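Novice: Going by my numbering, the letters in the sequence shown line up with residues 1 to 104, in that order.
Please find one structure pasted underneath; my questions will follow.
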Amino acid sequence: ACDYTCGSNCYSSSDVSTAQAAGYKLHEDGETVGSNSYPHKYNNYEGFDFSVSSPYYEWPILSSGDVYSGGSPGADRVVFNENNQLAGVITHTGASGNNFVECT
Ligand SMILES: Nc1nc2c(ncn2[C@@H]2O[C@H](CO)[C@@H](OP(=O)(O)O)[C@H]2O)c(=O)[nH]1
Ligand SMILES: [Ca+2]
């Protein structure tokens, strides 16, 4: 069973934690990875009703289970804040253009 489902992608809590930790570290260190420079601010144009407070940061979560290190970031992301709290898991999959939808 999946803790989070993004399109056809199945994620467990552990996957999420592993990814969040990686992105948060980078965020702490003032460093980024990839041509799109992750992690980076997440504005929330979508208007999701997160339980955690802003500001938000986006970091890719891979279907492979590997931690993001460059190249295609795929369509899934984990969204975290300054306190390292999980805001949510979102995806471009099944979303119009470059918008996002929440994973279920
Ligand atoms: N759709 C969306 N993109 C955002 C937001 N905040 C910043 N962006 C950046 O604008 C880019 C346009 O989609 C997004 O790319 P991403 O695919 O790299 O995650 C994202 O990185 C937001 O709230 N919504
Ligand atoms: Ca997994």
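The beta carbon of each residue, even a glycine, is placed where N, CA and C say it ideally should be.
Could you give the first and the last residue of the continuous alpha helix (DSSP H) run that contains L86?
Specialist: First-last for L86: 86 to 91, but that is the beta strand (DSSP E), not the alpha helix (DSSP H).
Novice: Pick helix, strand or coil for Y68, following the three-state DSSP scheme.
Specialist: DSSP places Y68 in coil when its eight states are reduced to three.
Novice: Considering Cα atoms alone, identify which of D3, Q20, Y56 is closest to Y68.
Specialist: Here the closest residue by C-alpha is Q20.
Novice: Just reading off the alpha helix (DSSP H) that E28 is part of, what are its end residues?
Specialist: First-last of the alpha helix (DSSP H) with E28: 13 to 29.
Novice: Buried or exposed for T91, going by 16 or more other Cβ atoms inside 10 Å?
Specialist: Buried, by the Cβ-count rule.
Novice: Nearest to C2 by alpha carbon, out of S53, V89, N83, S72?
Specialist: The residue with the shortest Cα to Cα distance from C2 is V89.
Novice: CB of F100 to nearest heavy atom of ligand 1: below 6 Å?
Specialist: Under cutoff, so the answer is yes.
Novice: Tell me whether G65, by its Cβ, gets closer than 6 Å to a heavy atom of ligand 2.
Specialist: Indeed, a heavy atom of ligand 2 lies less than 6 Å from the Cβ.
Novice: Tell me the residue span of the beta strand (DSSP E) that contains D76.
Specialist: That run of the beta strand (DSSP E) goes 76 to 81.
Novice: Could you check whether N9 and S72 sit closer than 7 Å to each other, using their CB atoms as the reference points?
Specialist: Their beta carbons are not under 7 Å apart, which means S72 does not touch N9 by this criterion.
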